[PDB]
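The next block holds one structure in the form of structure tokens; read it before the comments.
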Amino acid sequence: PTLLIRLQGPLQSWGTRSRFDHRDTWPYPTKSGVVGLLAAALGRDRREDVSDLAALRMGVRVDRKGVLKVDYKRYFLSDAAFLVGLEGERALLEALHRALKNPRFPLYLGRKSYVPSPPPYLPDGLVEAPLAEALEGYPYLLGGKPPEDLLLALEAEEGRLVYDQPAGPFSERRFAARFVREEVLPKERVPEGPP
């Protein structure tokens, strides 16, 4: 029902495309960034259609915000940890689940050489629940319970616009606006981690 992935590492960078400067970063993973990673895992050529991936409904749980720093110019998120969920058609999610375990192309957290640690694959990440519940109920990515309430950023029908919805093959760089709603997730909801 919902595929969960971990985006965690010493360095990450995420771009929207109301066109975005490659030297900037969004505060948490973007739909375009995540779909790019999914496509890499599947081994898709950049010219290939990604409408099936774009149709997935995405949510982000910010387990650890990480600190905004400069890489030498280039902004990045230091030591951030994100849980990302994707809800949609089962066969595709299962294919993605397998692809993430053994990615056909290297997975990077934004800029090539930002290596994930731990890897994005979560062995128990394919949850039979809709997006919000899947994200709410997954164990904290770091040890213990979250010490404070978490940010949850959900694809929605209303809210704030972000131009990160892949609307054609990545080679064309065609993106549309989607609404993302930011909510506060009570810390008591999240089971004790790590996964």
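Chain lettering (A, B, ...) mirrors the order of the structure tokens, residue numbering begins at 1 for each chain separately, and ligand numbering begins at 1 in order of display.
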
Exercise. Considering only C-alpha atoms, return as a list in words whatever protein or nucleic-acid residues lie within 9 Å of residue 50 (chain A), sequence-local ones (same chain, fewer than 3 positions apart) excluded.
Key: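 The residues that qualify are residues 35, 39, 44, 46, 47, 53, 54, 55, 166, 167, 168, 169 and 170 of chain A.
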
Grab the residues selected above and save them as a PDB file, in the first residue's frame with C-alpha atoms.
ATOM      1  CA  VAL A  35      11.265  10.083  -8.239  1.00  0.00           C
ATOM      2  CA  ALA A  39      14.096   5.860 -11.559  1.00  0.00           C
ATOM      3  CA  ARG A  44      15.471   3.843 -16.194  1.00  0.00           C
ATOM      4  CA  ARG A  46      16.473   9.682 -18.254  1.00  0.00           C
ATOM      5  CA  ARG A  47      14.504   9.853 -21.518  1.00  0.00           C
ATOM      6  CA  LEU A  53       6.232   7.031 -10.664  1.00  0.00           C
ATOM      7  CA  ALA A  54       4.903  10.603 -10.673  1.00  0.00           C
ATOM      8  CA  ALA A  55       1.398   9.269 -10.003  1.00  0.00           C
ATOM      9  CA  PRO A 166       7.588  15.325 -12.647  1.00  0.00           C
ATOM     10  CA  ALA A 167       5.317  15.912 -15.626  1.00  0.00           C
ATOM     11  CA  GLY A 168       7.468  14.427 -18.367  1.00  0.00           C
ATOM     12  CA  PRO A 169      10.707  12.423 -18.723  1.00  0.00           C
ATOM     13  CA  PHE A 170      13.583  13.825 -16.652  1.00  0.00           C
TER      14      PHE A 170
END

Exercise. Excluding region 100-114 of chain A and any residue of its chain fewer than 4 positions from it, enumerate the residues within 7 Å of it, using only C-alpha atoms, and give them as a PyMOL selection string.
Key: chain A and resi 11-14+33+37+40-43+96+120-121

Practice problem: Report the residues of region 1-136 of chain A whose backbone DSSP state falls under helix (DSSP H, G or I), written as a ChimeraX atom specification. | Solution: /A:31-42,51-54,90-101,131-136

Practice problem: Work out how far apart CA of residue 30 (chain A) and CA of residue 78 (chain A) are and give it in Å to one decimal. | Solution: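 So the two atoms, CA of residue 30 (chain A) and CA of residue 78 (chain A), lie 16.5 Å apart.
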
Quiz prompt | Among the residues A:63, A:145, A:57, A:125, the one that comes closest to residue 157 (chain A) [using only C-alpha atoms] | solution = A:57

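Put simply, CA of residue 146 (chain A) is 8.7 Å away from CA of residue 191 (chain A).
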
Quiz item: Which of region 26-188 of chain A counts as strand (DSSP E or B) under DSSP, as a PyMOL selection string please?
Solution: chain A and resi 57-64+67-71+74-78+81-87+126-127+144+150-156+160-166+175-185

Deliver the residues from the most recent selection as a file, using N, CA and C atoms, as a short mmCIF file (atom, residue, chain, number, x, y, z; two decimals), in the first residue's frame.
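selection.cif written:
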data_model
loop_
_atom_site.label_atom_id
_atom_site.label_comp_id
_atom_site.auth_asym_id
_atom_site.auth_seq_id
_atom_site.Cartn_x
_atom_site.Cartn_y
_atom_site.Cartn_z
N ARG A 57 1.54 8.91 -4.62
CA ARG A 57 1.33 10.01 -3.68
C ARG A 57 2.45 10.03 -2.63
N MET A 58 3.15 11.16 -2.50
CA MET A 58 4.33 11.22 -1.63
C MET A 58 4.12 11.98 -0.31
N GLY A 59 4.75 11.49 0.76
CA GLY A 59 4.76 12.19 2.03
C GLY A 59 6.15 12.13 2.64
N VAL A 60 6.52 13.12 3.44
CA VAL A 60 7.81 13.13 4.14
C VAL A 60 7.64 13.33 5.64
N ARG A 61 8.32 12.50 6.42
CA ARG A 61 8.38 12.67 7.87
C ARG A 61 9.81 13.06 8.19
N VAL A 62 9.98 14.22 8.81
CA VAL A 62 11.31 14.73 9.10
C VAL A 62 11.73 14.26 10.48
N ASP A 63 12.37 13.10 10.52
CA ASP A 63 12.81 12.52 11.78
C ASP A 63 13.88 13.39 12.43
N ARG A 64 14.81 13.88 11.62
CA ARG A 64 15.82 14.84 12.09
C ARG A 64 16.05 15.87 10.98
N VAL A 67 21.26 20.28 9.76
CA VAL A 67 21.66 21.68 9.81
C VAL A 67 22.02 22.18 8.42
N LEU A 68 21.53 23.37 8.06
CA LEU A 68 21.89 23.95 6.78
C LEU A 68 23.35 24.43 6.77
N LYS A 69 24.16 23.87 5.88
CA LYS A 69 25.57 24.27 5.76
C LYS A 69 26.00 24.49 4.32
N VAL A 70 27.22 25.00 4.14
CA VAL A 70 27.78 25.21 2.81
C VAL A 70 28.91 24.22 2.50
N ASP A 71 28.87 23.67 1.29
CA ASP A 71 29.87 22.73 0.80
C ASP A 71 30.73 23.44 -0.25
N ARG A 74 27.58 26.06 -2.46
CA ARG A 74 26.57 24.99 -2.48
C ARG A 74 25.99 24.67 -1.10
N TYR A 75 24.70 24.92 -0.92
CA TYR A 75 24.05 24.59 0.34
C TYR A 75 23.66 23.12 0.42
N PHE A 76 23.71 22.58 1.63
CA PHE A 76 23.28 21.21 1.85
C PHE A 76 22.75 21.04 3.27
N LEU A 77 22.10 19.91 3.51
CA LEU A 77 21.56 19.56 4.81
C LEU A 77 22.52 18.59 5.46
N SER A 78 23.08 19.00 6.59
CA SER A 78 24.03 18.16 7.32
C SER A 78 23.33 17.26 8.32
N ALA A 81 17.77 13.34 8.57
CA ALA A 81 17.22 12.01 8.41
C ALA A 81 15.75 12.09 8.04
N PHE A 82 15.39 11.59 6.85
CA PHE A 82 14.02 11.70 6.35
C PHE A 82 13.40 10.34 6.07
N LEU A 83 12.14 10.19 6.47
CA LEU A 83 11.37 9.02 6.08
C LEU A 83 10.41 9.43 4.98
N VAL A 84 10.48 8.77 3.83
CA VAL A 84 9.62 9.15 2.72
C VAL A 84 8.67 8.01 2.43
N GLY A 85 7.40 8.34 2.19
CA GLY A 85 6.41 7.34 1.84
C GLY A 85 5.83 7.61 0.47
N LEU A 86 5.49 6.53 -0.23
CA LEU A 86 4.91 6.63 -1.55
C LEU A 86 3.74 5.68 -1.60
N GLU A 87 2.54 6.21 -1.82
CA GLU A 87 1.34 5.37 -1.92
C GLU A 87 0.87 5.26 -3.37
N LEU A 126 7.50 -1.79 3.25
CA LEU A 126 6.28 -1.88 2.45
C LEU A 126 5.12 -2.20 3.38
N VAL A 127 4.32 -1.19 3.69
CA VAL A 127 3.31 -1.28 4.74
C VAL A 127 1.91 -1.29 4.14
N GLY A 144 15.37 5.31 19.97
CA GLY A 144 14.43 5.84 20.94
C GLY A 144 13.18 6.45 20.34
N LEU A 150 7.22 15.84 15.24
CA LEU A 150 7.91 15.83 13.95
C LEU A 150 7.13 16.56 12.87
N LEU A 151 7.85 17.12 11.91
CA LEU A 151 7.21 17.70 10.73
C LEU A 151 6.81 16.58 9.77
N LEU A 152 5.59 16.68 9.24
CA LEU A 152 5.09 15.72 8.25
C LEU A 152 4.62 16.51 7.03
N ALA A 153 5.20 16.26 5.87
CA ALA A 153 4.87 17.05 4.68
C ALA A 153 4.21 16.15 3.66
N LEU A 154 2.90 16.29 3.50
CA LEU A 154 2.08 15.37 2.71
C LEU A 154 1.58 15.98 1.40
N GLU A 155 1.70 15.22 0.31
CA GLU A 155 1.05 15.60 -0.94
C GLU A 155 -0.43 15.75 -0.65
N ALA A 156 -1.03 16.83 -1.15
CA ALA A 156 -2.41 17.13 -0.77
C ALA A 156 -3.19 17.84 -1.88
N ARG A 160 0.24 24.59 0.25
CA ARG A 160 1.29 25.39 -0.37
C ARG A 160 1.83 24.70 -1.62
N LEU A 161 2.06 25.50 -2.66
CA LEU A 161 2.51 24.97 -3.94
C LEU A 161 4.00 24.74 -3.94
N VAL A 162 4.40 23.65 -4.57
CA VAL A 162 5.81 23.42 -4.79
C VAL A 162 5.89 22.84 -6.20
N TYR A 163 6.81 23.35 -7.01
CA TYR A 163 6.87 22.93 -8.40
C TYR A 163 7.86 21.78 -8.52
N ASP A 164 7.49 20.60 -8.05
CA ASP A 164 8.42 19.46 -8.05
C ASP A 164 7.78 18.18 -8.57
N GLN A 165 6.61 18.32 -9.20
CA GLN A 165 5.89 17.17 -9.74
C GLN A 165 6.35 16.84 -11.16
N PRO A 166 7.08 15.72 -11.33
CA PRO A 166 7.59 15.33 -12.65
C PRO A 166 6.43 15.15 -13.62
N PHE A 175 8.20 20.08 -15.12
CA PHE A 175 7.62 19.91 -13.78
C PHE A 175 6.37 20.75 -13.61
N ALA A 176 5.45 20.25 -12.79
CA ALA A 176 4.21 20.95 -12.49
C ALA A 176 4.14 21.22 -10.99
N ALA A 177 3.22 22.08 -10.60
CA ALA A 177 2.99 22.33 -9.18
C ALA A 177 2.16 21.21 -8.56
N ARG A 178 2.48 20.86 -7.32
CA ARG A 178 1.57 20.04 -6.52
C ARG A 178 1.42 20.74 -5.18
N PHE A 179 0.36 20.42 -4.45
CA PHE A 179 0.22 20.97 -3.11
C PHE A 179 0.88 20.04 -2.10
N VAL A 180 1.63 20.62 -1.18
CA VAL A 180 2.17 19.90 -0.04
C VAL A 180 1.65 20.57 1.21
N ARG A 181 1.03 19.78 2.09
CA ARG A 181 0.57 20.29 3.36
C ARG A 181 1.49 19.87 4.51
N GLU A 182 2.01 20.83 5.27
CA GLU A 182 2.86 20.51 6.41
C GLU A 182 2.04 20.38 7.70
N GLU A 183 2.18 19.24 8.38
CA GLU A 183 1.44 18.99 9.61
C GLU A 183 2.40 18.66 10.74
N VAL A 184 1.95 18.82 11.98
CA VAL A 184 2.76 18.41 13.11
C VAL A 184 2.32 17.03 13.58
N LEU A 185 3.26 16.10 13.63
CA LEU A 185 3.00 14.74 14.08
C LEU A 185 3.42 14.60 15.53
#

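Taking CA of residue 149 (chain A) as the reference point, CA of residue 118 (chain A) is found at 23.0 Å.
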
Exercise. Name the residues in contact with residue 193 (chain A) at a cut-off of 7 Å, using only C-alpha atoms, excluding same-chain residues fewer than 6 positions from it; report them as a list in words.
Key: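 So the residues in contact are residues 139, 140, 141, 142, 143, 144 and 145 of chain A.
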
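Among the candidate residues A:173, A:97, A:73, A:189, the one lying nearest to residue 23 (chain A) is A:73, with distances computed using only C-alpha atoms.
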